[PDB]
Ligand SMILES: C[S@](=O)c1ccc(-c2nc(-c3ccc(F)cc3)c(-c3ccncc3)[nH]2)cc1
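Only one chain is given next, in structure tokens, and it is the form solved without the ligand.
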């Protein structure tokens, strides 16, 4: 058990091991406040996040546990990972706070696209890193479900990590089937998001800046064209169907005419990501082997994950059960190399 010290930072008492120093609040991020701190053990600067009311409710408690499980599991260069987790509590009876420690990040993808104008070499490397991490995530049977610029960290060296949550409307990046509340959707919902992000990186503009979920569908159909017979057959919702069939057909634009001036190989990959039919959407693994990434692809350096047990997602438990499970996970944490 490390030696802890206490400190009032704006709002609350922070209690952290003496190994973490010069704590300096950097804002409210990804449900809980975050200080940057100096890790005297490694000589590196880090982010320490104190979770906000981790056990306020069944909902909060289960998400504290979800988030500890996920962050403990992710071990990959392009996905946020866990350097440390701790609590000042010494016993389950005292257990109220959870602190998570990760690399200090600084900027998200949104911060980058907003100043500069990205060259093709940059889009290749950013997208490559997204897909590489997404292959890993997908191979755990996890679907991210919220890929968007503010959930992607990018340092000064243009190295990227997929985030659990923000350091940019979700709707702009959401697969059309989620927008129609279609159940059973597969991994490829993330591949659609990656297509929207890629398009934005090439053009400087949000691909489909919808004002609500209906507008969003309009904008999406302007680009890809009204669904073919084979796809309407699958809809079920009669209002979705009448909505899609109403308005004058505006069928498939020429991606080449929309991305005029982008590398033709980027246009081709885009067409394969941004397919309505999620059955026919290119996978993270397939996309990695697309000639667009010939400069970066290495099939022996694109690793997959240990299978992730997410059955707990299928339980309704008591707050003290969720809290006891999280407690076991704090206690059993093994720090990285």
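Residue numbers count along the first chain shown, from 1. We call the rigid core whatever largest set of C-alpha positions still superposes within 1.5 Å between the two forms.
Another form, the form solved in complex with the ligand, is not on view; read the next lines as being about it.
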*Taking the pose of the ligand in the deposited bound form and superimposing the site C-alphas, would you call this form open or blocked (blocked if 3 or more ligand atoms are within 2.4 Å of a backbone or C-beta atom)?*
blocked
*asked:* Going by heavy atom distances of 4.5 angstroms or less, which of 101, 267, 196, 202 would be at the interface with the ligand in the deposited bound form?
replied: 101
*Specify the contacting stretch among 202 to 210, 104 to 112, 256 to 264, 87 to 95, defined as having any heavy atom within 4.5 Å of the ligand in the deposited bound form.*
104 to 112
*Though only this chain appears here, would residue 148 touch the ligand in the deposited bound form if you measure heavy atom gaps against 4.5 Å?*
yes
*Quick one: does residue 61 come within 4.5 Å of the ligand in the deposited bound form, counting heavy atoms only?*
no
*asked:* Since only the chain is shown here, I'm wondering whether residue 80 would be in contact with the ligand in the deposited bound form (any heavy atom pair within 4.5 Å).
replied: yes
*So, in the deposited bound form, is residue 130 in contact with the ligand at a 4.5 angstroms heavy atom limit?*
no
*Is every one of 135, 273 and 282 in contact with the ligand in the deposited bound form, taking contact as a heavy atom within 4.5 Å?*
no
*Sole member of 72, 218, 241, 122 with a C-alpha shift of at least 2 Å between this form and the one not shown (core-superposed)*: 241
*Superpose the two forms on their rigid core, then report whether the C-alpha of residue 9 is displaced by 2 angstroms or more between this form and the one not shown.*
yes
